[PDB]
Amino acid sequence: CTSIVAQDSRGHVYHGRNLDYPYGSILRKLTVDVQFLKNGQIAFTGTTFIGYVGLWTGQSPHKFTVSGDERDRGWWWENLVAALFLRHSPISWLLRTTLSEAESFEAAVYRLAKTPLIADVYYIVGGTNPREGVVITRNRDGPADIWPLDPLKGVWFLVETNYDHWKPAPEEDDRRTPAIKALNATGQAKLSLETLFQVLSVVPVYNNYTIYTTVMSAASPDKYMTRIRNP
């Protein structure tokens, strides 16, 4: 999977993501966008598969946008002890709980970072104001690292696949470089939802296992766009 939060020259923040997973021929037919209503009014939007109640891609309108990528660390028995004996939270559920109860980008980044989990994950959050963008590397008991946007220092985009950003992506699976490569060339002046979609449409960022691509901006909720990918 590949999550990208980036800022453009005019101060806007965009969030896009890819979701790769086997059994694609099935999940593509079951993929749906869902609008969760409170009192008849939309409270947040998400992309999920029929039968899955958690969210791996969501948007709280005019507050923030969050997505999740897999982080495989620890031992198999950690997830067991954490889930049953310690009663930690599932990843996809916390992501959904936050989209519904967090009152601000700051509040969401707090919940997604400090709430205990059953297993590790990468949480990517975007905001409605400039420089609001982070990549929360999660340990089970807390945050292992927070990676903030810094446009004035030249970092106007964060690219997260499934590996810690302070280390190089493995040779076997290095979808970070072609994603950075396409962003380095797109330019902070040309960045938009249309362009950010074409970034994620690059190979091998867009590979055989990609199921859907979502591009979203918390301050432009009506532009929430998901597209099923048939490679």
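In this text, residue numbers run from 1 along the sequence as written.
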Which of the two stretches, 158-166 or 23-31, shows the higher mean Cα temperature factor in the record?
-> 23-31
Higher average CA B factor in the deposited record is what I'm after, so tell me if that's 50-58 or 189-197.
-> 189-197
For the C-alpha B-factor as written in the entry, point me to the maximum among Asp145, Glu106, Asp141, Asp150.
-> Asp150
Compared with the other modelled residues in the chain, in which third is the CA B-factor of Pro130?
-> middle
For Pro204, does the deposited CA B-factor place it in the lowest, middle or highest third of the chain?
-> highest
Which third of the chain holds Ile4 when residues are ordered by C-alpha B factor: lowest, middle or highest?
-> lowest
Entry-reported C-alpha B-factor of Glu171 relative to its chain, by third, is highest
Split the chain's modelled residues into thirds by Cα B-factor; is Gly68 in the lowest, middle or highest one?
-> lowest
